[PDB]
Protein chains: 2
Amino acid sequence: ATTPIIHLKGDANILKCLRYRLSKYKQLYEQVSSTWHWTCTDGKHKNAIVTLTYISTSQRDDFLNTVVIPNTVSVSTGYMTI
Amino acid sequence: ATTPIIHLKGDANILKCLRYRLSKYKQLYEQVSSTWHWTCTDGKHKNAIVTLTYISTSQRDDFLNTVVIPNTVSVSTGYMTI
C-alpha cells in the first residue's frame, strides 16, 4: 500500500504563502509539512521544500489541476509505502 | 526514473543525533533533510521526520543493513519520480 506524496520546491517564503493558500483546498490534500531543506544545501530560501500527502492519486490529480502552483516552484511526485 | 527515499520518524533530538551519526556513513545515502513535521501536528518532538534520498535501492538496502536505527524511530520507504 502506498501514499501519493508531493514535493513543492523553491523559495521558502513562496512555499509559506502557497501553504497559507492551500487552506482553501484542505479537501484536496491531507498533510502539508513545514518547510525543510537538504542539509548539504546552504542555498538559502530557494532550496526549501514542502511535502504534502494525499488520500489517493485521484486527490493528487484534483489538487494539481485546481491549486495554482507558481512557476517559481517545482513540483515532483512520488509515493511512500504504508 | 525514481529516487529511493526514506522517512525516519520520531523524537526530534533522537533524529538529530542519528543524523550526526550518519556522517560515518555518507557513502550509504545522498541527502538527509533537516527535521520537519506535519503542520497538523502539535505533537512536539516525536512527530518529527527526516527524509533521506539514495542513489539506488541497493544503496538503500546497504544503509538499512548497516546503520543502527533505534527502536524509538520508525522507518518507512518510498520513491520520488525524477
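Residue numbering restarts at 1 for every chain, and letters A, B, ... go by the order of the sequence lines. The basis for the numbers below is simple: all heavy atoms, side chains too, and nothing from hydrogens, waters or symmetry mates.
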- Task: Answer yes if B:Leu64 and B:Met80 sit in the same cluster of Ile, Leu, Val, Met, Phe, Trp and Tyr residues linked by side chain heavy atoms under 4.5 Å apart, and no otherwise.
- Result: no
- Query: Apart from B:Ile55 itself, which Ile, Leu, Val, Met, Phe, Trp or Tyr residues share its cluster (side-chain heavy atoms under 4.5 Å, direct or through members)?
  - Reply: none
Produce the donor-acceptor pair table for chain A versus chain B, cut-off under 3.5 Å.
from, atom 1, to, atom 2, distance (Å)
A:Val32, O, B:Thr39, N, 3.0
A:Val32, O, B:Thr39, OG1, 3.4
A:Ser34, N, B:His37, O, 3.0
A:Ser34, OG, B:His37, N, 3.3
A:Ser34, OG, B:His37, O, 3.3
A:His37, N, B:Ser34, OG, 3.3
A:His37, O, B:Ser34, N, 3.0
A:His37, O, B:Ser34, OG, 3.3
A:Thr39, N, B:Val32, O, 3.0
A:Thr39, OG1, B:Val32, O, 3.4
A:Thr77, O, B:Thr81, N, 2.8
A:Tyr79, N, B:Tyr79, O, 2.7
A:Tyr79, O, B:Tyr79, N, 2.7
A:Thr81, N, B:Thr77, O, 2.8

- Query: Linking I/L/V/M/F/W/Y whenever their side-chain heavy atoms sit closer than 4.5 Å, directly or via other members, would B:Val32 and B:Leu28 fall into one cluster?
  - Reply: yes
- Please flag which part of B:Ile5 lies under 4.5 Å from any non-hydrogen atom of chain A: side chain, backbone, both or neither. side chain
- Query: Should B:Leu52 and B:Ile49 be counted in the same cluster of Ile, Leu, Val, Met, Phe, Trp and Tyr side chains packed under 4.5 Å apart?
  - Reply: no
